Amino acid sequence: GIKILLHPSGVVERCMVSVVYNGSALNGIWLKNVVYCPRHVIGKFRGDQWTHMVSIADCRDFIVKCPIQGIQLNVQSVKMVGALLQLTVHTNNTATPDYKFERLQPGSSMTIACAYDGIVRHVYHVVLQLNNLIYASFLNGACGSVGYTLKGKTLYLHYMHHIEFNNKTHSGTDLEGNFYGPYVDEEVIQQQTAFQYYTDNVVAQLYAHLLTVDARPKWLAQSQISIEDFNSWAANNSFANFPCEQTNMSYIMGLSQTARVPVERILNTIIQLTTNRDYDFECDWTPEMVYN
Amino acid sequence: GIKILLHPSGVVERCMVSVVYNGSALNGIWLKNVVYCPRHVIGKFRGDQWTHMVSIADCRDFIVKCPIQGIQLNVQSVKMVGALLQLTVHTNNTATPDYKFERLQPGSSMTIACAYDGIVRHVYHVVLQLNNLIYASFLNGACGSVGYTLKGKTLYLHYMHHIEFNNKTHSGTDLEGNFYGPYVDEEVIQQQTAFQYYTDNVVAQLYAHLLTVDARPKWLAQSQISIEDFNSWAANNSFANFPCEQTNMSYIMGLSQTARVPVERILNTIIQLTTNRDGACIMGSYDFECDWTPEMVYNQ
Ligand SMILES: *C(=N)[C@H](C[C@@H]1CCNC1=O)NC(=O)[C@H](CC(C)C)NC(=O)[C@@H](NS(C)(=O)=O)C(C)(C)C
Ligand SMILES: *C(=N)[C@H](C[C@@H]1CCNC1=O)NC(=O)[C@H](CC(C)C)NC(=O)[C@@H](NS(C)(=O)=O)C(C)(C)C
């Protein structure tokens with residue numbers, strides 16, 4: 001079949017740690033001799049207050065424990081990198097895999113290991129939207145949970161959670177400490193990029209449907225529209241220019257032949273489904289996930 | 001947000017093994033001093049040939065390695081239990097969690113730890129359908145992959161994979177060895193009971209939509225239908241009698257209160273959508289899904 005595929009959480013689980021600082025509790029990930037947590041564990045600060053506030057943060061106040069290994073770590077030095085804290089601990093993490101800090105481009109998927117008190121409780125799937133937000137599931141104390149990818153032996157760390165916004169959107173940084181989009185870790189109103197559909201992913205879900213359900217749907221458009229004509233329509237209808245990624249073409253072209261529905265018919269179907277749509281989880285299927 | 005929640009696979013990853021027998025390779029799970037794997041690793045036998053074939057299977061031809069722990073295990077004795085083999089080994093698994101073999105009733109969900117060569121490659125979510133099949137994702141060598149859930153510390157194993165039927169449906173046994181539904185581990189055409197929706201889960205899907213995507217979608221029915229009237233319609237439209245489980249009613253009444261939409265309107269929306277849908281995308285899907293259970297949508 002064709003399912004939403006997630007990456008096994010074993011590697012992440014053994015590196016998760018709790019970070020409690022003067023009654024503020026969140027999660028952190030422990031790689032080599034460094035624990036990465038969100039900087040607001042030391043307090044709710046804004047703008048450029050963070051530098052001075054971190055320098056006065058006492059190291060012995062960082063209560064850091066690793067539940068899977070039953071070890072309590074001790075911080076030797078605190079360094080703010082971007083909007084994250086790099087806590088150097090005396091112990092090297094024996095379970096550290098080959099890892100990489102890789103930034104995501106919007107339209108890409110990743111597995112969230114949502115943790116509490118340093119223990120991964122749930123695992124679910126998200127795609128970074130063109131507004132640079134994920135639509136996730138988080139409660140108090142979940143900051144520090146990471147969104148990751150796996151390729152063989154190597155853990156690809158992509159996301160660390162920081163903020164939940166009023167419309168159940170979620171923002172965070174990469175593991176370098178830089179946020180996705182213009183959002184910051186401050187409890188104030190923050191303007192959001194207007195939503196836009198990652199067209200490549202919408203095309204992937206429609207093909208996934210024609211490959212799993214039995215008969216061609218009656219709402220599948222009968223006439224095809226040119227890619228060029230779709231992109232003129234897309235500019236005025238909150239859809240990203242197609243293709244969003246040139247490398248997705250090989251996948252989409254392969255789906256088009258397995259399903260025997262030209263991509264030009266899929267795009268006209270998207271346009272004709274406009275009355276139905278007039279955010280709603282259509283960009284969760286990436287072309288690579290559907291094709292492989 | 002309301003999401004499809006999966007159980008962290010780390011416990012299962014530490015117990016997966018590879019089992020290779022004279023050219024046939026699949027996975028197994030290693031709990032205490034026992035390795036459980038599908039029986040067809042020894043051959044593609046039918047009917048009542050299994051008792052004899054297993055009895056004459058050489059314990060030395062069982063190559064059993066646990067990759068994440070670097071161990072290669074050695075098989076002391078083999079014993080068939082249902083359609084599963086129970087391979088006793090010299091070594092105890094120190095990573096063995098507190099576990100329980102629990103059989104699933106239809107309409108309940110589990111996390112599939114999809115494995116190859118003893119390594120979990122993917123992790124996804126399925127629900128046992130009323131045909132006792134799961135709509136999963138498997139290729140060669142995936143047999144022995146398990147379905148599981150977690151209640152805090154205990155590992156609840158429900159499923160082990162055996163078969164793929166051509167409609168991309170999958171079948172297997174519980175960890176006791178007995179299949180779900182009338183399917184068996186043979187490469188023959190096997191009659192499938194016609195598909196029926198798990199109405200509780202379809203109701204949970206539409207409620208998930210009201211609570212995260214759009215509180216008042218244009219396809220939400222305005223009038224309601226009684227549970228009784230729906231069940232009369234359901235008997236002729238491949239929807240199970242509502243409710244399929246009486247215990248879902250506590251969750252369903254809760255979702256109704258927070259969504260302030262009585263489930264009678266949800267049931268009438270199900271009936272209207274079988275003629276009115278026209279490609280509407282509900283909770284991220286273009287058809288009715290049994291993946292959302294009331295408990296998961298309510299608890300989250
Ligand atoms: C971190 N553990 C936490 C998790 C939130 C809690 C609710 N859901 C989540 O994802 N994050 C916060 O509490 C942050 C803290 C700031 C200082 C970075 N605050 C919020 O997310 C805030 N949203 S906001 C920016 O004010 O709109 C809440 C607390 C009102 C959700
Ligand atoms: C076990 N590892 C394997 C997994 C299959 C391969 C394709 N996807 C899967 O899920 N199972 C099999 O190869 C079984 C073996 C028998 C003896 C149980 N065979 C099949 O599932 C068979 N389908 S069937 C019952 O003949 O329609 C395949 C191989 C043709 C799919």
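Indexing begins at 1, ligand by ligand and atom by atom, following the structure's order. Keep in mind that the numbers below use all heavy atoms, side chains included, and drop hydrogens, waters and symmetry copies. Order of the sequence lines fixes the chain letters, A, B, ..., with proteins taken first and strands second; residue numbering starts at 1 for each chain.
- For ligand 1, the polar-atom distance check finds an N/O of A/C143 within less than 3.5 Å of one of the ligand's N/O atoms.
- By the 4.0 Å heavy-atom criterion, A/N166 is excluded from the residues contacting ligand 1.
- Put simply, no part of B/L26 is less than 4.0 Å from ligand 2, judged by heavy atoms.
- Counting atoms of ligand 1 from 1 in the listed order, those under 4.0 Å from a heavy atom of A/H161 are 9 (C), 10 (O).
- You'll find the ring centres of A/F179 and A/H162 inside the 6.0 Å limit.
- Taking distance alone, with nitrogen or oxygen atoms compared against 3.5 Å, B/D185 stays at or beyond that limit from ligand 2.
- The distance from ligand 1 to the heavy atoms of A/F138 drops below 4.0 Å at these ligand atoms: 8 (N), 9 (C), 10 (O).
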**OP:** Any chance you could lay out the side-chain contact (heavy atoms from CB on, under 4.5 Å) test for A/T88 and A/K79, step after step, and finish with the verdict?
**Re:** CA-CA 8 Å; A/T88 290; A/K79 183 153 141 242; over 6 Å; no
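- Evaluated by nearest non-hydrogen atom to atom 13 (O) of ligand 1, the leading choice among A/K44, A/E187, A/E164 is A/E187.
- Taking the six-membered ring for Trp and thresholds of 30 and 60 degrees, B/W50 and B/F45 have ring planes more than 60 degrees apart, a perpendicular arrangement.
- Counting non-hydrogen atoms of neighbouring residues, nucleotides and ligands closer than 6.0 angstrom, the CZ atom of B/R46 reaches no more than 12 such neighbours.
- In summary, the atoms of ligand 2 found under 4.0 Å from a heavy atom of B/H170, numbered by their order in the structure, are 10 (O).
- By the criterion of a heavy-atom distance under 4.0 Å, the backbone of A/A142, and not its side chain, is placed next to ligand 1.
- Of all the atoms in ligand 1, the ones that sit under 4.0 Å from a non-hydrogen atom of A/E186 are 25 (C).
- Ring centers of B/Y36 and B/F101: under 6.0 Å apart, within the cut-off.
- Applying side chain to side chain contact (heavy atoms under 4.5 Å, CB included) to A/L133 and the options A/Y180, A/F195, A/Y183 leaves one that passes, A/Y183.
- In this structure, A/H161 and A/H170 have perpendicular ring planes: the angle between them is above 60°, well past the 30° mark.
- Looking at every heavy atom in both residues, B/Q196 comes nearest to B/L130 through O-CD1, 3.5 Å.
- Shown in contact with A/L139 at under 4.0 Å from a heavy atom are these atoms of ligand 1, numbered in order with element: 4 (C), 6 (C).
- Looking at A/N140 next to ligand 1, no N or O pair under 3.5 Å apart turns up.
- Close approach of ligand 1 to A/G141 (heavy-atom distance below 4.0 Å) involves ligand atoms 2 (N).
- Residues meeting the salt bridge (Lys or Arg N to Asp or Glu O under 4.0 Å) test with B/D117, sequence neighbours left out: none.
- Close contacts between ligand 1 and A/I163 involve ligand atoms 18 (C), 21 (O), 25 (C) [criterion: under 4.0 Å to a heavy atom].
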